[PDB]
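Novice: Just need the structure, nothing else, for what follows:
(one chain, ligands or ions: 4)
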Amino acid sequence: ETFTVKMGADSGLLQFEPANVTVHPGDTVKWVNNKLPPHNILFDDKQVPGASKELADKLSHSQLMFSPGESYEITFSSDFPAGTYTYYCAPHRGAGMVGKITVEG
Ligand SMILES: [Cu+2]
Ligand SMILES: [K+]
Ligand SMILES: [K+]
Ligand SMILES: [Zn+2]
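Specialist: Numbers count the residues shown, from 1 in each chain. Ligands and ions are numbered 1, 2, ... in the order given. Now the structure:
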């Protein structure tokens, strides 16, 4: 299954929408650039299962997305550890533009 997360709410709020997503192995999360760009998607090393920097760096899309409809996807395959992956947008960090993917297992 694919879950679409908007970067910037339709309401014009600096939020990921939905901010919290629960996922099963094999699912994809697709971020779509929506309102009030730019946005990016950063996972800190201590905010993914096992605190793996190698994992968090692979998943982080640090490059800025400016155009509506730009997208980035992660397929959380069985290669991914179960647990929480907490992320944020650097440009809007002070606005609380944060999210969390929970991979069940
Ligand atoms: Cu943002
Ligand atoms: K993070
Ligand atoms: K940062
Ligand atoms: Zn860190």
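
Novice: isn't residue 16 right up against residue 7?
Specialist: Yes. The pair residue 16 / residue 7 is scored as a contact, 6.2 Å apart, by C-beta atoms under 8 Å. C-beta coordinates here come from the backbone N, C-alpha and C atoms, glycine included.

Novice: Between these two, which is the more surrounded one?
Specialist: Applying other C-beta atoms under 10 Å to residue 16 and residue 7 shows that residue 7 carries more neighbours, namely 28 against 25.

Novice: now the more buried one, nearest residue through space, not along the chain?
Specialist: Once flanking residues are discounted, residue 7 sits nearest to residue 39: 4.1 Å by C-beta to C-beta, 6 or more residues apart in numbering.

Novice: Bridge partners for the one you found, pull those for me.
Specialist: Residue 39 has these beta-bridge partners by DSSP bridges: residue 65.

Novice: do the same with residue 17
Specialist: When assigned by DSSP bridges, residue 17 has beta-bridge partners residue 6.

Novice: Which parts of this structure are strands?
Specialist: 2-7, 16-17, 20-23, 27-33, 39-43, 61-65, 71-76, 83-88, 98-103 (DSSP state E).

Novice: these two touch, right, residue 24 and residue 102?
Specialist: No. Using C-beta under 8 Å, residue 24 makes no contact with residue 102, being 9.9 Å away.

Novice: More neighbours: which of these two?
Specialist: The neighbour comparison of residue 24 against residue 102 (other C-beta under 10 Å) goes to residue 102, with 16 against 13.
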